[PDB]
Structures are given as C-alpha cells and as structure tokens.
Amino acid sequence: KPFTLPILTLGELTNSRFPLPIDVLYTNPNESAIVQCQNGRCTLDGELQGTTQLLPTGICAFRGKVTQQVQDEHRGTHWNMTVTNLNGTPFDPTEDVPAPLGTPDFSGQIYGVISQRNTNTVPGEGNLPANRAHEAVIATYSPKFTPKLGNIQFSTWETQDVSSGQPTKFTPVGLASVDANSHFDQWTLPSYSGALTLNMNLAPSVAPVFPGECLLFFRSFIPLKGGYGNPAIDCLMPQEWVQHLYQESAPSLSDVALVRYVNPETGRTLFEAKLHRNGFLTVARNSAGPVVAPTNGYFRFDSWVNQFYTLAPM
Amino acid sequence: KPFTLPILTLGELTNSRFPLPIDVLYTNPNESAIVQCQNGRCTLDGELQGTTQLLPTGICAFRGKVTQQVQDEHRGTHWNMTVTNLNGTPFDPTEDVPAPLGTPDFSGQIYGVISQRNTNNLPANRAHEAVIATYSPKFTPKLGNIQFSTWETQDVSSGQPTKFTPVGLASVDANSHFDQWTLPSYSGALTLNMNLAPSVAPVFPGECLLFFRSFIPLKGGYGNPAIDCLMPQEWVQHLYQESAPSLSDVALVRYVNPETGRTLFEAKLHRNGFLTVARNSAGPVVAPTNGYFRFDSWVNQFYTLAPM
C-alpha cells in the first residue's frame, strides 16, 4: 500500500482540534510550551491516538445526561453532566484512552450550545418529545472537569430550564473569553481525571530534533462570545488528513516522509517539509507567522527519507 | 481510475445537509414531495452540484457583515447581513450556482450562533443565539444578503465581520414552516431558482430512495425532526478527489458487515449521486453501525436487486 495525502487545498480543509476551517499555515519557532495535543493525532499508517475520533462533528463535543444544578459562590449556575461515548454507549473509564474520544484537549472556557431531547414522549403531542437548548460554557481547567471519570460541569446564565435525566448534547462554537481569568492556553492539557491524578494513554509530545527546523501548523481562528482578542487553534494535521490516513492504512517505510507543497498549476514546489511518522510536519524556517502561499496549493508525497534529511530553507 | 467508496462505517460518517453525525439508514417509499436537495450533491465522477461544497464546517454556514438593525412585527431583534462566499471573497450573483455554496437547502427556522470579530491592540468580539428563517422574503442569499433574528439584544455591531454557526432548528411548529424537501427561494419571492441540482427518484418498480438520516436539535417545543441526505459528506469528499469516470449509469454496491463479511443487503448507486434499494416499507434500516457500502460492479438499467 503506497503512501498518499489528500489533494484538498487549504480552503477545503478543516481543523482537527475544533470545528473550524483552516485559515493559514503557521509557524512559531520560539514556542516555549510542550506541544502534546490529543485531538488530530494519527500516525502515518492510520493509527488514531489520544482522544482522536473520525467525526468532524465529534471534535470538542459531548453527549450525556444532567444530574444536578449547583451554584458557585459568585452566583453563577453550573450543571453536573455525566458523559457517555459520542455514540451513546457508556464510557468505560478503563478504556485505554485519556478521556472519551472528542473531549477537548486544551485549557479554556469552551463556549457552545447545550441541547436536550427528552426520552419520554407525549401522546397528545403526536407521541413527540419536549426540547430545550441554551448557550453554555465548559471550563476545561475546572476541578469539576473530570471526563475520564465520566462527568463534567457546564455553566449557563439566566435560565433554570435544563432538565435532569434527559439526553443532552454539547455543540461547540468557540471560546467564552481569553482574558486572564479564563485560562486559555491551547497547549495546556486538561486534567482529565482532575487534580492530583495523572493523565494516561496520551499521544506523545512532538518536536523538531533538527537544528533550524520548526513545527508547521494548520491554523484556525476561533470565535469569541465576548471581550477582546483574536485567539487561534493550531492542529498538527487537518481532520481530512486523519480520515484519509486512517482509511489508507499505508505502512510507514521510514520515520520521515518528504513532502512537497506544490502549485498544481505551475507544478512548482513552493517549499518542502518533513512529515514525521507520528503525524506532524516540520519545516526549515526561522520566523514566526503565516506561510504565504497560493490558494491552490497542497502537500504531495515525494519519498521516504530519514531524520538526517536537510530541508531547503523557506 | 477504478471506482471506490470510503470504508468509513455509519458511525464514522456525517450528514452533508447539516453538521450532524449519521444516525441511521432510512427509507420512505410513499414520500409525496419531490426530492431535490442542493447540499450533499455530487456525481459519482466527482462533480459537485447545487450549493454543495467540501467543508463540513461550511454546511448551512454564512459569512458576511451586518449592515443595520431592522424592526418588524415579530418579537425579538432583527438584523440585515450581507453574505459573501465562505472563503470571504465577494459572492458573484452571476456564478452558475443557486446561491453561495453552503447555503441551507430547506425551509425552516435555522437556529445557531452569530459571532463577530471587529476589523479595527486586540479586536472586540460578541456572539449571540440567532435564527434564520429560510422561507422569509428577506432570505435572499443569491442576491447577497439575508436577515437573522436574535433574542432581545442591541449587542450586534454594524459593518463588522460576521459568522453564522448552525446548531439546529428553532422550532418545528406549524408557523415555523419546517419542510426538509421545500427549497428556499434563493433570490426572494416571485423569483425562479436557478442552476439547481436535479431531482432524484427511483426508476425501477419496487425500488425506493435510501437516505442517511440525522436527527437535528431543537431550541424549543415538541418534535423529533430529521434531515435526510443522499450521500454523507465524507462520500462527497472522496468522490471529488477520486474523480473516477462512471462506466455505467448505476454501480451495484453491497452493505457488508465487515466482521462477519456477509452482505446485509444490496443497493444501486446512481450516477447522479444517490442510492436506491428494493424495499416496500418506511423507517430505519436496522443494521450494525459498523457496516458500510462497498463497490461491487457497474451494471445496467435492467438490473434487479434482491429485496432487503
């Protein structure tokens, strides 16, 4: 089975860490933080890792049931939610994953909509269930965010209309805030089992080992409920690459695949990158910021090489 | 290039008409309405049709700018927004498409979130729940603008980049006019829709359409509304990239339980991008979620399917 990448352009790709279109290719060589995201993780031979699952709709989504309302001391309202697998089967905490697949992989206040459709139906209404939906926020840094243990909290404002014991869905939309008290850090993992407990079954950290190389990201800008900022989420590979690699199941012939970013019209190679076996890109670039490239560009497999390969500078 | 389908299971597929996972396979042989949806339309050789585009995030999404607030008789606050192409380039009304790609293809009150990030050292932001009534005379995406409503707020800015993220439906009551097979009037009242993907139907006696069905969330009220697509979004992505020539009008496909390796049933995959089966009943197809369709062979118009 030979190795291929999708021929989709940047304008035809979506983020694997949040439901957003890919906006630009991006580098930041001076990044201090360890890069160890858990969504959008897939080895080149098709092995999904971390909390990665195949559905674009699954990314940062939750399914479950609400158990109780609790106020915080600052008068906000919170709801305890038990969570299942996204397909509705019970989550087995002993499954060899960090948390249910699709769980958010960063610290922050994730803004979205909670919706419910009741199990019980009303004969007088055509045997049809009641429904409700509201804006909600999930603080992944909260001590009550323990998805590996099978439950989390979400907050709402000005409503009591959330039902207990009824099927509940979280649809992610963006971030509530990126101010200091909102603790947004895209590279800081949640404590999936809460404080004092170690995260387990993590996808490994990724880094360039090669001098003058840096990680290359697929970057998307994420909406905000309010306040100031222009937050971004960077993924190692787009969701469509995850879908492609998984289906392909192509054996990796070496630890590194040389790939070319090509302008199909001219046929010219704009630049080269290393696609590492664990599923990430590095380039020879010494600056931070977007990569300016024609809208018709995409990566194409060239050959299997090794760690000692020297890329041409961007 | 020989013809292939993705090996993704039902539990690994998403709807091409709304951003939802596929829940079940579904049939309804006695459906009165003409089936002519415009999203999730792709020929077997990879040609996108109607308003279909490749992004899962693009389906029933809008991008544009709010121009001003509008008053009318209905409760809540209302806003006009210009809409562009999803990639932010201006929409050219002369483009040979029914409306900007990703535009909703059905009548109803679509519930979602409007968000803004100001153009003019950090920009200001706001987001709110919103509803877009696709049956409204002010829904004119082909002309480059639409209207949306919000629950009482003044906190929407004019002249700022605006995004609509779809979530579900506001309601399915009689006055909310939900009909998944009724197309919007893309250019407004009294105007003909143009450049439509064609209607689809079974040609063969005893055959019916097979749909990939998703249930769609509701802001309020009673109901269990569903959206049916001809092919899932991953099939659109795959067919588009594959670009495999169609050797006949119909491809025979098998629904296999890969684990047993047995064929649960067979279907016809038509050149225009839709499935038919020999079934005489309505409702879900009860099958394991790990099943998937596999290409068998190209056949002809006279091929007879085994009943399901």
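Below, chain A is the first sequence line, B the second, and so on; all start at residue 1. Reckoned from all heavy atoms, side chains included, excluding hydrogens, waters and symmetry mates.
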(message) Determine whether a donor-acceptor pair (N or O, by modelled atom type, separation under 3.5 Å) exists between the side chain of A/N131 and the backbone of B/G220.
(response)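 It does not hold such a pair.
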(message) Checking the side chain of A/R117 only, and the main-chain atoms of B/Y222 only, is there a donor and an acceptor separated by less than 3.5 Å?
(response)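 Answer holds: no.
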(message) Ignoring hydrogens, what is the shortest heavy-atom contact between A/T14 and B/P56? Give both atom names and the distance.
(response)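 In this case the closest contact between A/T14 and B/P56 is CG2-CD, 3.7 Å.
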(message) Is any side-chain heavy atom of B/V113 closer than 4.5 Å to one of A/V113?
(response)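 The answer is yes, as the side chains (C-beta and beyond) meet within the 4.5 Å cut-off.
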(request) Would you mind reporting whether A/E12 and B/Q53 have side-chain heavy atoms less than 4.5 Å apart? (result)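 Heavy-atom side-chain distance check fails, nothing below 4.5 Å.
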Which bit of [X] comes within less than 4.5 Å of chain A, counting heavy atoms only: side chain, backbone, both or neither?
X: B/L8; answer: both
X: B/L20; answer: both
X: B/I59; answer: neither

Heavy-atom proximity to chain B below 4.5 Å, by part of [X]:
X: A/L175; result: neither
X: A/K225; result: both
X: A/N87; result: neither

To the nearest 0.5 angstrom, please state how far the [atom1] atom of [X] sits from the [atom2] atom of [Y].
X: A/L224; Y: B/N118; atom1: CG; atom2: CG; result: 11.5 Å
X: A/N118; Y: B/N224; atom1: CG; atom2: CG; result: 11.0 Å
X: A/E135; Y: B/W151; atom1: CD; atom2: CH2; result: 9.5 Å

Most heavy-atom pairs under 4.5 angstrom with chain A, which of [options]?
options: B/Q116, B/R126, B/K163, B/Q241; answer: B/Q241
options: B/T165, B/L55, B/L13, B/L54; answer: B/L55
options: B/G112, B/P21, B/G168, B/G58; answer: B/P21

(message) Counting only non-hydrogen atoms closer than 4.5 Å, can you tell me which residues of residues 227-240 of chain B sit against chain A?
(response)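 Near chain A, by residue number: B/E234, B/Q237, B/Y240.
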(message) Quick check on the interface: out of A/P129, A/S115, A/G227, who has the most heavy-atom pairs with chain B under 4.5 Å?
(response)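 Top count of heavy-atom pairs under 4.5 Å with chain B: A/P129.
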